[PDB]
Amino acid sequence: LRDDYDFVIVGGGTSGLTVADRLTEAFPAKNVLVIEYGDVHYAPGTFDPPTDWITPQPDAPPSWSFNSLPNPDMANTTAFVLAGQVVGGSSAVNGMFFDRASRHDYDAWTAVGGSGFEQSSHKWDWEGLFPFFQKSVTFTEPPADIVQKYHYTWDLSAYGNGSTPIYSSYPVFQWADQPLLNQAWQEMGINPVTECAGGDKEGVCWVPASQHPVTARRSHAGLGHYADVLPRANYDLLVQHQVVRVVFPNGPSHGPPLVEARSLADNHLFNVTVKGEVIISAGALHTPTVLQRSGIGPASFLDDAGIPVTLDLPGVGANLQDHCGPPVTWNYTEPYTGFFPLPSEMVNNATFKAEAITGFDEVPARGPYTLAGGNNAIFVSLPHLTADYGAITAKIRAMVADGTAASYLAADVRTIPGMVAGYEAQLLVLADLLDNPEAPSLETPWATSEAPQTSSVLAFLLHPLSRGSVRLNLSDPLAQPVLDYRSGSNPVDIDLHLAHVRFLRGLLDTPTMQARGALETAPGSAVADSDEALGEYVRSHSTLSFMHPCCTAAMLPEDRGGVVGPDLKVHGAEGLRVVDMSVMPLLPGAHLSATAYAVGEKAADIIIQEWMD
């Protein structure tokens, strides 16, 4: 471990390793150090040997497990959330669903920053982010036989001729009843989309897997941004170390700070000297933890924590958002026939599963295990799924106009004019986005419809108005934070859930599902028809997290509660940036990992262009 470094990156995760990669290749004379809580682990993909249709990988890398506080507005249910504890971060333990949000979701970032963000040239709208999306991954056309078998569609214009060893691929396998819902979504008027990673994604979407096109092995940041670029002499990595905080010897206006690190083996604490900048990429859950212990956070929490205030930025750990939603479930009253193979074949058929195990080891990889978690989702806009009803967005706009919107934030947040102002800007922008018929409001993925385990649809609330907190355990500040999800704390989220579930129920009415005798098992017509009963149902049967927590160090002006500018520097701190999913101001209508790379690539480009002064 060297005397000093030019760059320290806190967290060897998805964004952090892509930043560390791009910095070391651009500045061969500058030394980068990545400090990682975890270690290097082989990363099994989703549904790899010897699992059954979606069982846990026996040799999975380590992760943090989180149980949030009870969410009273969702029947006190707890949210269960994971975070990868490994070189590669969460992308090493992903479900590998590798989509991007619509162009309008990222346009929303620029709009929510407002004019306070406009004397910078770093635009995080679609036009400013799309080139880095193309840079971030290499996509590969599937074989022709696989195309004519499963009917993948795509448009290479969405990917360009990028060549970064982070792979987006379509498996050479699908379950045999994959076309079932595909046909039924079209009978609901949801239309096929040829390519959904090129910004235009409302309709029925093919989504790729973050995995190698030949071997089907998981692609994560630890390979593509770390292992695959070594040897590289200025690219250092320190494992089994927890970065405690950053310290400014002469205050935050004289930087970069020192990185105070704790060795997880022996608890030995030390400091790393930084010449250039410190980049924090500890993730949406842990970046707030690193800045809070650095005295960079809500002044009142920091006082209650016995931590001296270095920067009073109440956005640190605030504005927590995640994807969540309740299900619609059915059985079949006729036998589920004519499909081979279905997922149950893995548990019914030793021959078939033995072959799947060995098919995965052939070159190229073959059979069921080349599949990750599935490659399909609908993304339906609020106008489309409700027949242009303006009730929800009127409620949002009114709730800002009358000033009651603030009441839905936490009691130590609604009192802060900065936070109310930024929450209000979010809601109006979200109100506009949910009025855009090309902007997804509901996501529903599927790969099979075999009953009973996969005869269900989930109603992903893509753009929640509720907001939560990531805060230090005050008993053990170095332990994992407390997550207060406050799911459903803004009531428009419940209205969205009812609209989404009620749209989804139409699935069972489709000729395709009626041919199969699909019989609704939950919520049922009785519940669905009662705003009070369906409300009760979404509040107690929703999954509170699909493991996409974000926006705890939002890219917003300080007066709107943000923590970083559009250059991703922490407001009021020189030589200190954040680059991970905590910087998004609004949660995107997508799974986050592809965005995490794109954010890493653009943040690296920003950092590079300035250090070539």
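Don't overthink the numbering: it's just position in the shown sequence, from 1.
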{"item": "Between the two ranges 475-483 and 459-467, the one averaging a larger CA B factor in the entry", "value": "475-483"}
{"item": "Residue range whose averaged C-alpha B-factor is higher in the record, 489-497 or 241-249", "value": "241-249"}
{"item": "Identity of residue with top Cα B-factor, from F117, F379, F98, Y332", "value": "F117"}
{"item": "Options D125, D155, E438, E187 - largest CA temperature factor per the record", "value": "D125"}
{"item": "Third of the chain's Cα B-factor distribution that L508 belongs to, per the entry", "value": "highest"}
{"item": "Ranked C-alpha temperature factor of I54 among modelled chain residues, by third", "value": "highest"}
{"item": "Among modelled residues of the same chain, the CA temperature factor third for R577", "value": "middle"}
{"item": "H254 CA temperature factor, ranked by third within the chain", "value": "highest"}
{"item": "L430, C-alpha B-factor rank within chain (lowest, middle or highest third)", "value": "middle"}
